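Trainee: this is the structure alone, sequence omitted:
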Ligand SMILES: *[C@@H]1O[C@H](CO)[C@@H](O[C@@H]2O[C@H](CO)[C@@H](O)[C@H](O)[C@H]2NC(C)=O)[C@H](O)[C@H]1NC(C)=O
Ligand SMILES: CC(C)CCC[C@@H](C)[C@H]1CC[C@H]2[C@@H]3CC=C4C[C@@H](O)CC[C@]4(C)[C@H]3CC[C@]12C
Ligand SMILES: *[C@@H]1O[C@H](CO)[C@@H](O)[C@H](O)[C@H]1NC(C)=O
Ligand SMILES: [Mg+2]
Ligand SMILES: [Rb+]
Ligand SMILES: [Rb+]
Ligand SMILES: [Rb+]
């Protein structure tokens, strides 16, 4: 469906003005007829974007109500009402058991539904942001007259007019223009104004001057044009549809959840029906056969687990909110940890998005300035008298000014009225020479010639601030070579000197080096005009050369670039040390893209492209073995004629990849290419041209300050302070939460065994029921909750940023090793500790373990109010039941006591508690509150009715203590083996 | 005692409940203290 | 195979065999020590049987015994359980001076055979003749229910003293030696008739205290036969038999805590 939109567009900028009118039945001068425009409206439809059909929240909520655990809990809830129905008909049961348990279980499903619904959130308003880029109104020429109309009423063929400050209402063929410049950052991510004129200037319509696009704005001048595309058919309207239309897809974390749901659901249905038939064979009435099944359901399903996961995710997202990293989708909290490839935009993401002075060439020396936002570098020069001469030209031969009321904000961050290069120079001098306004007050400008297309230079004449002179100084800047052809002397370390071929060659060298760094280079020179030839009232003519512009003194060079953000180089290296592949994907030109790649460490030192090898060896590129080149730089124009299989080979064959001059669909294609190889991919960006890629990414991260509204709609995560170091933190947090989820899951599952085994022995042994159904829910929904959550606050056991990204195909959240430990080893020890306390309670009340076998028949018989114990005493029905429920209560408390040790062992997968310590305060809180809850549930009056919880005698609490301790020792010995031999036996069997 | 051994079939479940609830409360307070060591 | 290789499948079996073996051996060990802390003659706790339950022979479907006099197999179900109990109180079962003793044919005081020790043989229990149960196949019309006080080791059932008012106000009040049992329904549409030891409507105190199964096997607890020769027919009659005493109490939950709940209906 969207495969059409993933392709490069076709256009009609090649046609003549006249020819273009024939195609759209239009007038170049009079414009369309009121009738013809209305006709075309009904024909083509409105100049608007329609949002894609969404899934209502209704269906979204209910889709969770049927996912493995909820299905089993539904079967339980209904099976409760089943047994209740069968009762209400047969023998009038005045009880509330099956009825209430059926109500409780149905509530558990609904509430669990809210948790998973909260986790599976999708806040997407892509198409809405795009719609915000179409103006409310447009100016059209109809019947030879200009009028404002609803922009939706704009059709292909009419004559539209735009001017500085307004949004392009539709894709236009420029037919007339006067000084028109446009901001195409929507399509390129670059905000430098692009001229628009009627002349065709490139075969590529996205590069030609005679096309203006919807989603962009006119920055200055005026233009008229013929509408060629409207609504969804515009270049960026298609990007809108592509972006808004892209299928979301399941996250890595989501896939893991479903996976263990299958496992646990599997064992649940297995043991469920495996013992349902095992009971009927033993001659159990279907009346009972279902009651046992309900218990089996409740025992096997970890009722509180899915909600635990959600809370652990939420708590991890809260910590990241506190580092200026907003998470829109709870699952995106983990994806960053599983990320193996980052596709990053350059401008406004890796870079500050601001022309900044990078180097200066004066005194036959290359000086480097500090490009960082917060200025974390050092000085270059202050002493040289040459510097002050260059500094003066940079301030004086400059027409840029700071906007009013910025004195509060830092120099480099403040808004400037002017072109990017003049702003850069302004901020450079203001920083290291103080107030520039001061320099422009001490040296009043009397005449100037602003930068001309033809002159290729800008000159200014000022009253020298010096009192002993107060004469006229000439300054000029422009193209380095043009400035050179106008110089005779060079200000070396203070004093001038003739411009010999020697210094002239050093100039060329300096010029070539700076240009090689992808930096824009300017020349600077001045000339102190002779006093006798220029009186204090001498008039200077700016129109006609009234003053010399030759034999001037060359002062120096200055170079500039849109520099990396301070934290970016280090963040890139850190991603790469964690084994994450970092690719650059930018709408910017290749020379600039490549230079920043080396600056931030995308391309490491020494690595070459095929073009680099060819130039170094002075040989044809076809003569170069492409396998000798680990780095590559792909232009979008070449990308366009490559198949995906060939794109896949590029991705496979290079470690250091730069995709430059890419369109928005091309970014999507590169992302998909990476994913196709089985990689989890993150995208980082800030422009509307990142929207499709951000949507398709497993996780999209947008910049918060510099980011466009669209990009932040398309993302899963926002960096609110533009701190790229947050990606590094995000991946670290993502890995940590992945491990801690394992700990929390094992902990929760472990207690399933002591809830399953009592029901089994109840059938096979014919003893009184050791633990009840209600009692199970008091564990999974009550006591285990805070402890399970607390594992989310566990510190790393080792340097997680030192390991490679997990293999999502092999490294699962829940594997066989977890089940073996939780179900086969620790849970089994917990089961016994439960049974022990059960036998203790009964034996101390007169029913010794031996006489318990095959007694349930008489025990449950409501009409036998005289059962004989081991000592020959006789018990009524309600009397023995009180002891039985007291057994449920102590078995319950036994679970809590054995979960103490389990909580401590689940703390660490490898390390010892004596190494990791007990610095998790939430965990300790869990221990205290868990025990408080259990005690309250046993001793609070009335709980014997609502939950069948009975007061325990002090000695009862200590039954499971020896089992709780064996767990601690056992797991500590086991992990001691793991560490002592990384070989594999204990490791490959039990290492979560 | 002999025929007056009524105490043999008696248990102070009332005190046990009072003590049990005291303990539960104090464990609840202790937990808050440790948690609130930083929020 | 599914998971691993044969070598791995073996090792995982050798482990869980030794592992579960140890766990079973430990579990058993903790059961040993538990038993080691317990007496053979007396349970550690008795507060959960404390107030004695009162149970009867007619096995009630739901605290009810409804049947038809004009039908044979209508009551043959209740006669099965009635027989089961009384069959134990046979004279052939109580033979010789061992381990039985002839006790007062009239309600007497308690009998202490020492302590709950094995320092003596089987503590000798009082004989009880089912022949003390006058009038009661059993009552084919108007049932002859048999009551019973639940056995509790070292329990001395103490009758109420005639200090103040009483339900069966002072009638045949053998204050010193009888634990009374008065059945009731207002709703007085019946005819209560009690049979027992010495002809009294109670339990003779000479059968106490019970020394337990280990120290007193073949021991016999006193019975109290109750006959309802009601002149009514074809209606559910809620009859409650209540025992009175210092050590006797009741509960709204446990409807068998020192009392009966019988729903007789001679639907004939
Ligand atoms: C306990 O006493 C009952 C009294 O009914 C015995 O029942 C006797 O059963 C036999 C054989 O079935 C009959 O011939 C008699 O008529 C019954 N009564 C009597 C008085 O002998 C019963 O057998 C006795 N049980 C034991 C174990 O001795
Ligand atoms: C109540 C009692 C009788 C039930 C005992 C169940 C035992 C036999 C179960 C419980 C957990 C189970 C193990 C759980 C995990 C694994 C790892 C997997 O890669 C192979 C099977 C294996 C090794 C299972 C084998 C059987 C097992 C040990
Ligand atoms: C009980 O049986 C005796 C004979 O043993 C008889 O005289 C008497 O009438 C019976 N009593 C009743 C109330 O039927
Ligand atoms: Mg950008
Ligand atoms: Rb469970
Ligand atoms: Rb995404
Ligand atoms: Rb559990």
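Mentor: Happy to help now that I have it. Numbers count the residues shown, from 1 in each chain, chains lettered A, B, ... in the order given. Ligands and ions are numbered 1, 2, ... in the order given.
Trainee: roughly how far apart are the residue in chain B positioned nearest to ligand 7 and residue A:790?
Mentor: Using Cβ to the ion, the closest approach of chain B to ligand 7 is made by residue B:31 at 21.4 Å. Just so you know, the C-beta spots here come from the backbone N, C-alpha and C atoms, and that holds for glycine as well. Distance of residue B:31 to residue A:790, computed by Cβ to Cβ, to the nearest Å: 11 Å.
Trainee: quickly list what's touching both of the two.
Mentor: Common neighbours of residue B:31 and residue A:790, counting by Cβ atoms under 8 Å, 6 or more residues apart in numbering or on different chains, are residue A:925.
Trainee: picking that back up, if I look at the closest residue to the residue of chain B closest to ligand 7 other than its chain neighbours, how far off is chain C?
Mentor: Closest residue to residue B:31 apart from its sequence neighbours, by Cβ to Cβ, 6 or more residues apart in numbering or on different chains: residue A:928 at 3.3 Å. Note on residue A:928: its distance to chain C, by Cβ to the nearest Cβ, to the nearest Å, is 27 Å.
Trainee: quick one: contacts for residue A:928?
Mentor: B:27-28, B:30-31, B:34.
Trainee: 7 Å instead?
Mentor: Contacts for residue A:928 (Cβ atoms under 7 Å, 6 or more residues apart in numbering or on different chains) come out as B:27, B:30-31.
Trainee: if we can go back for a sec, from what I can see the residue of chain B closest to ligand 7 touches residue A:925, true?
Mentor: Yes - with contacts counted by Cβ atoms under 7 Å, residue B:31 reaches residue A:925, the gap being 4.7 Å.
Trainee: helix/strand/coil for the residue nearest to residue B:31?
Mentor: Three-state call for residue A:928 (DSSP: H, G, I helix; E, B strand; the rest coil): helix.
Trainee: check the offset of stretch A:910-919 from the chain's centre.
Mentor: 32 Å (Cα atoms, centre = their mean, to the nearest Å).
Trainee: what do you get for stretch C:147-159?
Mentor: 9 Å.
Trainee: that one: end-to-end distance?
Mentor: 17 Å (Cα to Cα, to the nearest Å).
Trainee: give me the buried positions along that stretch.
Mentor: By neighbour count on 16 or more other Cβ atoms under 10 Å in any protein chain shown, the buried set for stretch C:147-159 is C:147-159.
Trainee: over to stretch A:905-921?
Mentor: Using 16+ other Cβ under 10 Å as the test for burial, stretch A:905-921 gives A:905-911, A:916, A:920-921.
Trainee: same question for stretch A:779-788.
Mentor: For stretch A:779-788, burial by neighbour count (16+ other Cβ under 10 Å) applies to A:779-780, A:782-788.
Trainee: check stretch A:571-587 too.
Mentor: A:571-572, A:574-576, A:578, A:580-587.
Trainee: ok, it near ligand 4 or not?
Mentor: No - Stretch A:571-587 stays clear of ligand 4 (Cβ under 5 Å from the ion), getting no nearer than 7.5 Å.
Trainee: how far is that stretch from where the chain is centred?
Mentor: With Cα atoms, centre = their mean, you get 14 Å for stretch A:571-587.
Trainee: from one end of it to the other, what's the distance?
Mentor: Terminal residues of stretch A:571-587 are spaced 22 Å apart (Cα to Cα).
Trainee: ok, stretch A:456-469 next?
Mentor: Start and end residues of stretch A:456-469 are separated by 30 Å (Cα to Cα).
Trainee: re earlier: looking at this, the residue of chain B closest to ligand 7 is in a strand?
Mentor: No - counting by three-state DSSP, residue B:31 is not part of a strand but helix.
Trainee: SS state for the residue of the stretch 151-268 of chain C found nearest ligand 1?
Mentor: Nearest to ligand 1 in the stretch 151-268 of chain C, going by Cβ to the nearest ligand atom, is residue C:218, at a distance of 12.8 Å. Three-state assignment for residue C:218 (three-state DSSP): coil.
Trainee: strands along the stretch 101-250 of chain C, start to end?
Mentor: C:125-126, C:146-148, C:178-184, C:192-195, C:202-204, C:223-228, C:237-243 (DSSP state E, counting those that start in this stretch).
Trainee: right, so those: which one is the most enclosed?
Mentor: The highest mean neighbour count among the strands of the stretch 101-250 of chain C, using mean count of other Cβ atoms under 10 Å in any protein chain shown, belongs to strand C:202-204: a mean of 27.
Trainee: what's that one packed up against?
Mentor: Contacts defined by 3 or more Cβ pairs under 7 Å, 6 or more residues apart in numbering or on different chains; DSSP states H and E place strand C:202-204 against strand C:178-184.
Trainee: please name the nearest non-neighbouring residue to the residue of the stretch 1-150 of chain C found nearest ligand 1.
Mentor: Going by Cβ to the nearest ligand atom, ligand 1 is nearest to residue C:90 of the stretch 1-150 of chain C, at 3.8 Å. In space, and not counting its chain neighbours, residue C:90 is closest to residue C:130: 7.2 Å by Cβ to Cβ, 6+ apart.
Trainee: then residue A:654?
Mentor: residue A:632 is the one closest to residue A:654 (Cβ to Cβ, 6+ apart), at 4.7 Å.
Trainee: what does the helix or strand hosting the one you found contact?
Mentor: Element membership for residue A:632, per DSSP states H and E: strand A:631-635. In this structure, residues lying in contact with strand A:631-635 by Cβ under 7 Å, 6+ apart are A:590, A:594, A:603, A:607-609, A:650, A:654, A:656-661.
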